[PDB]
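To begin, one chain is listed below as structure tokens, in the form deposited without its partner chain.
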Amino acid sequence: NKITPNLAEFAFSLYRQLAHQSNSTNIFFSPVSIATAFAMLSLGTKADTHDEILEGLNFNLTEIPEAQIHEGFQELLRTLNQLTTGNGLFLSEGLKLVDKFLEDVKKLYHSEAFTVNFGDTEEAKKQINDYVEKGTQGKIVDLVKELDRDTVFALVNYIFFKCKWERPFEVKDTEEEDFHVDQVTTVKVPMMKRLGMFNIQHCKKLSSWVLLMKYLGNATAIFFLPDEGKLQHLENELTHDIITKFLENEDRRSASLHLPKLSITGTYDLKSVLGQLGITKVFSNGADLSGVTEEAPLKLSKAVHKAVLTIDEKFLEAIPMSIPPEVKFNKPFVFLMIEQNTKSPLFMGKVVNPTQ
């Protein structure tokens, strides 16, 4: 797991940017799928264009060799393959493509590349969206809304995750509860609750409750419920070592946990978003994509990421007679999904309003 620290720092730089944009919308994205997509894309780039991408993924190219970077990602794909994800490359049908790139995309990163007639904008937009919808079986519809006029290369990265808890909730105990969108305003949401033994603890550094729940597939969801007026403090203080320390501890205590059902999405323009992380040339006219096509000019004019999450109710636990704490996730909270093997950040998000 040599590239795990870089993924974690890429997750945070990506999160802190989205949280800076707007603080009133739900955030949810996959650092792993985005970084894998652009690490794979780098195989067809050279020189500054190539360096901007790996550096943009938080890889110090003067310290870690690229062989380890791609080896780390491919070793992560072997682990990762209910999680449905896909990355589609759509290239203009008039381009002479380099076989090496198409091999690397299919063999090494297990991704898909298609040739499109970008002369028909509406039909290109349809084939792109039909591909996503077919890969998510209708969960993600009409992803791409528009295409630039000079579009000759589009990238689409989708991921849909349905969480199956190790310790499930009982549907009969789910009912409507207030969700405090702020200190004086509430909104009713469906709220799951269970009295049991949880990996839960209040953290002084983070000023937050920290809940860890395993789900089926050797991965763990970490929820950070900040104290009153501590959301910004929580987001600033999060580090990979703090997260790793929590994964190490397995001690449980009793609590009456209230956790809302979640059906949230995140749709992001990777050209805009990754542009503020330093990845700009691959989207510009001076892009060195000579590993993709050898003679014609090429640039990535479209890159979209959509991530969809479903949290619901989806072994006997002995509960002491002491008064259990009441931990309600009824206000904005931060969360991550961590793969247990590689410790890599599968997903990261913030719920400002489950009903949004």
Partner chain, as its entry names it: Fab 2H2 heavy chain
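Residue numbers count along the first chain shown, from 1.
Another form, the form solved in complex with its partner chain, is not on view; read the next lines as being about it.
Contact check for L277: every heavy atom lies farther than 4.5 Å from its partner chain in the deposited bound form. Proximity of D241 to its partner chain in the deposited bound form falls outside the 4.5 Å heavy atom cutoff. In the deposited bound form, none of the heavy atoms of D269 sits within 4.5 Å of a heavy atom of its partner chain. When its partner chain is considered in the deposited bound form, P190 lines it closely, a heavy atom lying within 4.5 Å.
In terms of contact with its partner chain in the deposited bound form, the residue from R167, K261, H233, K100 that brings a heavy atom within 4.5 Å is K261. Heavy atoms closer than or equal to 4.5 Å to its partner chain in the deposited bound form belong, across 168-186, to the residues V171, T174, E175, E176, ordered by sequence position.
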